[PDB]
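**Student:** Got a file for you: structure_34.cif, mmCIF, C-alpha atoms.
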data_my_file
#
loop_
_atom_site.label_atom_id
_atom_site.label_comp_id
_atom_site.auth_asym_id
_atom_site.auth_seq_id
_atom_site.Cartn_x
_atom_site.Cartn_y
_atom_site.Cartn_z
CA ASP A 461 132.76 117.59 66.22
CA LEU A 462 129.24 116.49 67.14
CA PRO A 463 127.94 117.06 70.68
CA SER A 464 128.58 114.16 73.03
CA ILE A 465 125.72 111.88 74.06
CA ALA A 466 125.28 110.04 77.36
CA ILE A 467 122.30 108.22 78.87
CA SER A 468 121.14 107.73 82.44
CA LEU A 469 118.18 106.28 84.33
CA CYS A 470 118.18 109.09 86.92
CA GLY A 471 114.84 110.45 85.72
CA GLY A 472 113.57 113.80 86.90
CA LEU A 473 112.10 115.36 83.75
CA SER A 474 108.42 114.36 83.76
CA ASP A 475 108.01 115.87 87.24
CA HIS A 476 110.00 118.95 86.14
CA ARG A 477 112.88 118.69 88.58
CA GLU A 478 116.31 120.25 88.35
CA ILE A 479 118.69 117.45 87.45
CA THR A 480 122.11 117.23 89.09
CA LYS A 481 125.28 116.09 87.34
CA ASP A 482 126.02 113.56 90.07
CA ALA A 483 122.53 112.04 89.95
CA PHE A 484 122.88 111.62 86.18
CA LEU A 485 126.32 110.05 86.53
CA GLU A 486 125.26 107.73 89.37
CA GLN A 487 122.67 106.01 87.14
CA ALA A 488 124.57 106.21 83.84
CA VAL A 489 123.85 103.33 81.47
CA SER A 490 126.78 101.27 80.20
CA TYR A 491 127.12 99.64 76.78
CA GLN A 492 126.88 96.16 78.32
CA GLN A 493 123.85 97.24 80.35
CA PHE A 494 122.11 98.63 77.26
CA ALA A 495 122.99 95.63 75.09
CA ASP A 496 121.58 93.24 77.70
CA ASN A 497 118.33 95.26 77.97
CA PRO A 498 117.70 97.50 74.94
CA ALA A 499 114.20 98.12 76.36
CA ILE A 500 115.97 100.66 78.59
CA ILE A 501 115.24 103.02 75.69
CA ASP A 502 111.55 102.80 76.64
CA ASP A 503 112.12 103.42 80.36
CA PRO A 504 110.29 106.64 81.36
CA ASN A 505 113.27 107.54 83.58
CA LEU A 506 115.73 107.56 80.67
CA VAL A 507 117.50 110.92 80.39
CA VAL A 508 119.63 111.71 77.34
CA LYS A 509 122.40 114.26 77.85
CA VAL A 510 123.22 115.98 74.55
CA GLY A 511 126.20 118.25 75.03
CA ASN A 512 125.28 120.10 78.23
CA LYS A 513 121.48 119.67 78.05
CA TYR A 514 119.15 116.99 79.43
CA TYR A 515 116.32 115.64 77.27
CA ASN A 516 113.84 112.81 77.42
CA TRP A 517 114.01 110.19 74.69
CA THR A 518 111.08 111.56 72.68
CA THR A 519 112.85 114.92 72.34
CA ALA A 520 116.36 113.49 71.90
CA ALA A 521 115.25 111.11 69.12
CA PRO A 522 115.00 113.64 66.25
CA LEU A 523 118.16 115.40 67.47
CA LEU A 524 120.14 112.15 67.37
CA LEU A 525 118.65 111.03 64.04
CA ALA A 526 119.59 114.33 62.38
CA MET A 527 123.13 114.22 63.78
CA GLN A 528 123.83 110.77 62.37
CA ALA A 529 121.85 111.10 59.12
CA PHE A 530 123.16 114.58 58.26
CA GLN A 531 126.39 114.79 60.31
CA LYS A 532 125.28 118.08 61.88
CA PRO A 533 122.79 119.10 64.58
CA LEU A 534 119.39 120.59 63.90
CA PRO A 535 119.09 124.38 64.22
CA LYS A 536 118.74 125.65 67.78
CA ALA A 537 115.36 127.15 66.90
CA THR A 538 114.20 123.73 65.67
CA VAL A 539 115.42 122.02 68.85
CA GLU A 540 113.51 124.58 70.92
CA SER A 541 110.39 123.86 68.86
CA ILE A 542 110.82 120.11 69.36
CA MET A 543 111.24 120.63 73.11
CA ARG A 544 107.97 122.56 73.23
CA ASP A 545 106.22 119.68 71.45
CA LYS A 546 107.88 116.65 73.06
CA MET A 547 109.55 117.59 76.35
CA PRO A 548 107.46 117.09 79.52
CA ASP B 461 134.06 104.33 61.28
CA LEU B 462 130.40 104.02 62.25
CA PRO B 463 127.87 102.69 59.72
CA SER B 464 126.25 105.40 57.63
CA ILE B 465 122.64 106.41 58.29
CA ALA B 466 120.07 107.66 55.79
CA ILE B 467 116.31 108.16 56.06
CA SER B 468 113.50 107.87 53.52
CA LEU B 469 109.71 107.99 53.42
CA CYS B 470 109.47 105.13 50.89
CA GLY B 471 107.83 102.80 53.41
CA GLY B 472 107.44 99.12 52.66
CA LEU B 473 108.31 97.44 55.97
CA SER B 474 104.98 97.07 57.80
CA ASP B 475 103.53 95.19 54.81
CA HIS B 476 106.76 93.13 54.54
CA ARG B 477 107.82 94.17 51.06
CA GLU B 478 111.25 93.96 49.49
CA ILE B 479 112.59 97.49 49.41
CA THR B 480 114.50 98.76 46.37
CA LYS B 481 117.47 101.10 46.50
CA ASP B 482 115.88 103.46 43.99
CA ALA B 483 112.59 103.65 45.90
CA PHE B 484 114.50 104.51 49.07
CA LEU B 485 116.56 107.17 47.27
CA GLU B 486 113.53 108.68 45.51
CA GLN B 487 111.90 109.57 48.85
CA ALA B 488 115.06 110.36 50.81
CA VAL B 489 114.59 113.02 53.50
CA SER B 490 116.82 116.09 53.41
CA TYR B 491 118.14 118.04 56.39
CA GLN B 492 115.99 121.05 55.49
CA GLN B 493 112.96 118.78 55.05
CA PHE B 494 113.52 117.16 58.45
CA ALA B 495 114.20 120.47 60.21
CA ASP B 496 110.98 121.95 58.82
CA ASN B 497 108.95 118.90 59.94
CA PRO B 498 110.67 116.87 62.68
CA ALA B 499 107.40 114.92 63.05
CA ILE B 500 108.67 112.97 60.02
CA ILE B 501 110.29 110.79 62.68
CA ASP B 502 106.79 109.60 63.62
CA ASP B 503 105.70 108.87 60.04
CA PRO B 504 104.89 105.14 59.73
CA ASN B 505 106.56 105.14 56.29
CA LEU B 506 109.93 106.27 57.66
CA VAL B 507 112.68 103.80 56.75
CA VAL B 508 116.12 104.11 58.34
CA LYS B 509 119.01 102.67 56.34
CA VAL B 510 121.86 101.67 58.67
CA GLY B 511 124.83 100.57 56.63
CA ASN B 512 123.22 98.22 54.10
CA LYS B 513 120.09 97.29 56.10
CA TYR B 514 116.62 98.83 56.25
CA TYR B 515 114.88 99.28 59.61
CA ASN B 516 111.81 101.03 60.91
CA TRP B 517 112.31 103.78 63.47
CA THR B 518 111.40 101.65 66.49
CA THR B 519 114.17 99.18 65.63
CA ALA B 520 116.70 101.80 64.48
CA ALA B 521 116.29 103.87 67.66
CA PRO B 522 118.35 101.70 70.06
CA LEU B 523 120.94 101.08 67.33
CA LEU B 524 121.42 104.81 66.78
CA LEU B 525 121.42 105.63 70.50
CA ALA B 526 124.12 103.05 71.20
CA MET B 527 126.27 104.28 68.31
CA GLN B 528 126.28 107.86 69.53
CA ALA B 529 126.35 107.16 73.28
CA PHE B 530 129.05 104.47 73.09
CA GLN B 531 130.74 105.23 69.74
CA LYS B 532 130.28 101.62 68.58
CA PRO B 533 127.35 99.54 67.32
CA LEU B 534 125.46 97.01 69.38
CA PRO B 535 126.41 93.35 68.89
CA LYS B 536 124.89 91.72 65.83
CA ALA B 537 123.11 89.20 68.06
CA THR B 538 121.56 92.09 70.01
CA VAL B 539 120.42 93.81 66.81
CA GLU B 540 118.80 90.56 65.66
CA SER B 541 117.01 90.31 69.01
CA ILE B 542 115.79 93.91 68.72
CA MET B 543 114.54 93.23 65.19
CA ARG B 544 112.53 90.26 66.47
CA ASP B 545 110.95 92.49 69.12
CA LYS B 546 110.45 95.75 67.21
CA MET B 547 110.56 95.16 63.45
CA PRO B 548 107.19 94.58 61.71
#
Before we go any further, please render this structure as C-alpha cells.
**Tutor:**
Amino acid sequence: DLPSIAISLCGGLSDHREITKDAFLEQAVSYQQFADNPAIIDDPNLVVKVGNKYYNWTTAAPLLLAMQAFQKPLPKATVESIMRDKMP
Amino acid sequence: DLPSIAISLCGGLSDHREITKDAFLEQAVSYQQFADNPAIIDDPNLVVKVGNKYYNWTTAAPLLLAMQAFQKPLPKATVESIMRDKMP
C-alpha cells in the first residue's frame, strides 16, 4: 500500500535538471551493490524515486522514516514543505 | 515481515549509555509530532529502534533505505560494518 522506493546514481537534482526515466533506470542501485558499499547513501548523485517523484536523500529521509515508523506517508503539504527546505 | 521501526527523542547513544525501554517509550515521536517538525530527524537525541536494536539516524538510514528499496534487510554482517562506521 505504501509508495514504491527505488534508488539510482543518475544524479541531476543539484544542477536542477529534468530527470529521465531511462537515465534513472540505467544507474539503478542493486541490493548487492548497496550492501557492498552502503556509503552510496552519501553519494551526492543518489536519487530516490518515491512513487513517481524524484528526491535527493536529504528530502527522502523523513519521508521514508515516516512511512516505516508510522506505516503511512507524511501529508502532501508536509512533503512540499520538506522539499522547500531540503531539496536543491 | 520487515522489522518494526519506532523513533524516540530519549537520546543516550553518543555518550554510550544503556538505553531503557521505558525511556525510549516515554519520548516516542508521534506521526503528528513528526509531521509538524520533520527537523526532528536531525535532532542528535533521535534514537531509531529497528526490531529490538537501538541505532542513531546515521546508522539507521541505510538500513531503512534498503528495507524499503529492496523489501528485505541488509545482511547482519553489513549492518555490523555500518555500525562500526556510523554508530557513536
**Student:** Give the answer as one residue: which of A:463, A:475, A:483, A:493 has the shortest atom-to-atom distance to residue 534 in chain B, using only C-alpha atoms?
**Tutor:**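 Among the listed residues, the smallest separation from residue 534 in chain B belongs to A:493.
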**Student:** Determine the nearest neighbour of chain B from the options A:470, A:479, A:506, A:542, counting only C-alpha atoms.
**Tutor:**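 Ranked by minimum distance to chain B, first place goes to A:542.
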**Student:** When the cut-off is 6 Å and we count all atoms listed in the file, which residues of chain A are near chain B, given as a PyMOL selection string?
**Tutor:** chain A and resi 465-466+529
**Student:** Distance CA of residue 543 in chain A-CA of residue 473 in chain A, one decimal place?
**Tutor:**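 Separation between CA of residue 543 in chain A and CA of residue 473 in chain A: 11.9 Å.
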**Student:** Spell out the residues picked by the PyMOL selection byres ((chain A and resi 471) around 8) here, as a list in words.
**Tutor:**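 The output of the PyMOL selection byres ((chain A and resi 471) around 8) on this file is residues 468, 469, 470, 472, 473, 474, 504, 505, 506 and 507 of chain A.
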**Student:** Separation of CA of residue 484 in chain B and CA of residue 540 in chain B, in Å?
**Tutor:**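 The value is 22.1 Å.
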**Student:** Step by step, gather every atom of range 477-495 of chain A that the file lists, find the box along x, y and z that holds them, add 3 Å on each side, and finally give centre and edge lengths in Å to one decimal, as AutoDock Vina command-line options.
**Tutor:**
--center_x 120.0 --center_y 107.9 --center_z 82.6 --size_x 20.2 --size_y 30.6 --size_z 21.0
**Student:** What is the CA of residue 516 in chain B to CA of residue 548 in chain B distance in Å?
**Tutor:**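 Separation between CA of residue 516 in chain B and CA of residue 548 in chain B: 8.0 Å.
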**Student:** N, CA and C atoms are needed for range 482-498 of chain B; please write them out as an mmCIF file, in the coordinates of the input.
**Tutor:**
data_model
loop_
_atom_site.group_PDB
_atom_site.id
_atom_site.type_symbol
_atom_site.label_atom_id
_atom_site.label_comp_id
_atom_site.auth_asym_id
_atom_site.auth_seq_id
_atom_site.Cartn_x
_atom_site.Cartn_y
_atom_site.Cartn_z
ATOM 1 N N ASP B 482 116.343 102.266 44.679
ATOM 2 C CA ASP B 482 115.880 103.460 43.990
ATOM 3 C C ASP B 482 114.616 104.028 44.627
ATOM 4 N N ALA B 483 113.746 103.165 45.158
ATOM 5 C CA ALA B 483 112.590 103.650 45.900
ATOM 6 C C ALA B 483 113.019 104.386 47.159
ATOM 7 N N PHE B 484 113.990 103.832 47.884
ATOM 8 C CA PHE B 484 114.500 104.510 49.070
ATOM 9 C C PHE B 484 115.069 105.878 48.700
ATOM 10 N N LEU B 485 115.906 105.921 47.664
ATOM 11 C CA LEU B 485 116.560 107.170 47.270
ATOM 12 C C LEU B 485 115.548 108.197 46.782
ATOM 13 N N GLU B 486 114.499 107.750 46.084
ATOM 14 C CA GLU B 486 113.530 108.680 45.510
ATOM 15 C C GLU B 486 112.814 109.487 46.587
ATOM 16 N N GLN B 487 112.595 108.899 47.764
ATOM 17 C CA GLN B 487 111.900 109.570 48.850
ATOM 18 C C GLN B 487 112.820 109.894 50.023
ATOM 19 N N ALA B 488 114.120 110.002 49.766
ATOM 20 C CA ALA B 488 115.060 110.360 50.810
ATOM 21 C C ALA B 488 114.685 111.705 51.438
ATOM 22 N N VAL B 489 114.922 111.822 52.738
ATOM 23 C CA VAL B 489 114.590 113.020 53.500
ATOM 24 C C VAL B 489 115.836 113.874 53.632
ATOM 25 N N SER B 490 115.710 115.156 53.302
ATOM 26 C CA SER B 490 116.820 116.090 53.410
ATOM 27 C C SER B 490 116.847 116.734 54.793
ATOM 28 N N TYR B 491 117.993 117.338 55.117
ATOM 29 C CA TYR B 491 118.140 118.040 56.390
ATOM 30 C C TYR B 491 117.120 119.165 56.515
ATOM 31 N N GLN B 492 116.971 119.971 55.463
ATOM 32 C CA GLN B 492 115.990 121.050 55.490
ATOM 33 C C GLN B 492 114.575 120.502 55.638
ATOM 34 N N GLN B 493 114.271 119.407 54.937
ATOM 35 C CA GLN B 493 112.960 118.780 55.050
ATOM 36 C C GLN B 493 112.700 118.305 56.471
ATOM 37 N N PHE B 494 113.698 117.678 57.095
ATOM 38 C CA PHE B 494 113.520 117.160 58.450
ATOM 39 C C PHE B 494 113.433 118.294 59.463
ATOM 40 N N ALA B 495 114.245 119.342 59.289
ATOM 41 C CA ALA B 495 114.200 120.470 60.210
ATOM 42 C C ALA B 495 112.855 121.177 60.157
ATOM 43 N N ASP B 496 112.267 121.285 58.962
ATOM 44 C CA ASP B 496 110.980 121.950 58.820
ATOM 45 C C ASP B 496 109.826 121.109 59.357
ATOM 46 N N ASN B 497 109.982 119.787 59.416
ATOM 47 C CA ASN B 497 108.950 118.900 59.940
ATOM 48 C C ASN B 497 109.610 117.740 60.673
ATOM 49 N N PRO B 498 110.087 117.974 61.899
ATOM 50 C CA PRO B 498 110.670 116.870 62.680
ATOM 51 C C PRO B 498 109.689 115.743 62.974
#
